[PDB]
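Working notes, beginning with the structure itself.
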Amino acid sequence: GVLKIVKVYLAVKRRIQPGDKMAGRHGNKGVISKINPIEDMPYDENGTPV
Amino acid sequence: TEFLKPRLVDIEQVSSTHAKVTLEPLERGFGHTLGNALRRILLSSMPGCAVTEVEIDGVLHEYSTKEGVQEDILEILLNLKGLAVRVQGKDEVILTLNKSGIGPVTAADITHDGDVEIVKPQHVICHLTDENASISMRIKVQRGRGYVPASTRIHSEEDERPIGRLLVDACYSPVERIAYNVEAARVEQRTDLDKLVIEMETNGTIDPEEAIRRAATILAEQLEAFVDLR
């Protein structure tokens with residue numbers, strides 16, 4: 002029945018975003034709730050944000 | 156109101172990237188008020204120049220590999236994000252980079268345009284393995300502010316789709332790190348009087364001094380709206 006087949010390969014870059022699932026290696030899971038601006042994030046005495 | 160204004164005192168420039176700025180005298184509580192307000196504008200609102208579009212000849216997409224080049228196109232683009240650029244006059248400049256032969260392709264191989272200044276000429280972009288290999292590309296640098304990802308830019312204008320242009324991230328924001336310390340300025344009478352020490356760490360482009368001036372300008376522009384309209 003099949004005369005010819007054309008296979009298309011699409012590439013996609015997916016960004017991390019609210020709803021995405023993240024975990025550690027101690028079975029500690031989570032869903033990302035919000036992406037905070039750098040300014041807002043807790044920072045060290047040295048000024049480096051978490 | 157016995158109003159007590161601060162003035163810019165000392166500018167330690169440890170490096171072109173890192174610069175400490177002491178500020179006094181500040182009245183009690185204005186240390187943190189100005190400290191954080193400025194930190195937030197300096198991180199989110201700072202204007203700068205950054206690579207927006209790159210077009211390499213013989214390259215249709217960013218996932219291909221060019222022969223005679225160790226790095227895949229993605230890795231080359233990530234290096235061009237780190238390329239430190241100053242545009243003096245124009246908002247948008249297209250620089251040309253043509254290089255051949257065996258060697259680490261540096262930022263100096265870009266044709267020095269008159270108004271444009273490359274802050275880090277030794278910045279690595281590409282490693283050429285085979286001597287016969289030549290790379291040629293046209294790097295567009297635009298001026299903007301904050302962070303403009305290619306994904307946020309692939310969902311806005313897109314009036315023309317020229318199969319051959321690659322969109323990469325360009326952190327306009329010159330400011331990499333900022334922290335402010337409130338130290339006591341044991342003032343002539345007042346011991347509650349304090350100094351503000353702002354430790355800034357930028358990449359190239361913006362001058363620390365100039366950036367603080369701009370950030371204070373933006374905050375004062377926003378206050379005109381509240382002082383004026385009731």
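Just so you know, the sequences run in chain order A and B. Mapped onto our numbering, the consecutive letters of the first sequence carry residue numbers 2 to 51. Mapped onto our numbering, the consecutive letters of the second sequence carry residue numbers 156 to 385. We put the CB at the ideal spot given by N, CA and C, even for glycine.
Distances from the CA of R345 of chain B to each of B:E179, B:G203, B:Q168 were compared; the closest alpha carbon is that of B:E179. Non-local C-beta neighbours of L181 of chain B in its own chain, meaning closer than 6 Å and more than five positions away in sequence, comprise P161, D349, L351, ordered along the chain.
Annotation: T266 of chain B to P43 of chain A spans about 43 Å, alpha carbon to alpha carbon. In terms of Cα proximity to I353 of chain B, the closest of B:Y335, B:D362, B:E247 is B:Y335. Note on the segment 190-240 of chain B: whole beta strand (DSSP E) runs with a minimum of 3 residues are 202-211, in chain order.
Using a Cβ-Cβ cut-off of 9 Å, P38 of chain A is close to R195, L198, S199 of chain B, given in chain order.
One finds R332, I333, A334, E354 in chain B with Cβ atoms closer than 7 Å to the Cβ of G48 of chain A, taken in chain order. Nearest to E46 of chain A by alpha-carbon distance, out of B:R332, B:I361, B:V296, B:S306, is B:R332.
Beta-bridge annotation (DSSP): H282 of chain B is paired with B:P259. Per the coordinates, the alpha-carbon of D41 of chain A lies some 14 Å from the alpha-carbon of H187 of chain B. For the options B:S170, B:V260, B:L238, the alpha carbon positioned closest to that of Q225 of chain B is the one of B:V260. Listed along the chain, the chain B residues whose CB falls inside 9 Å of the CB of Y10 of chain A amount to none; the nearest CB is some 10 Å away. Nearest C-alpha to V209 of chain B among B:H310, B:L238, B:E312, B:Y302: B:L238.
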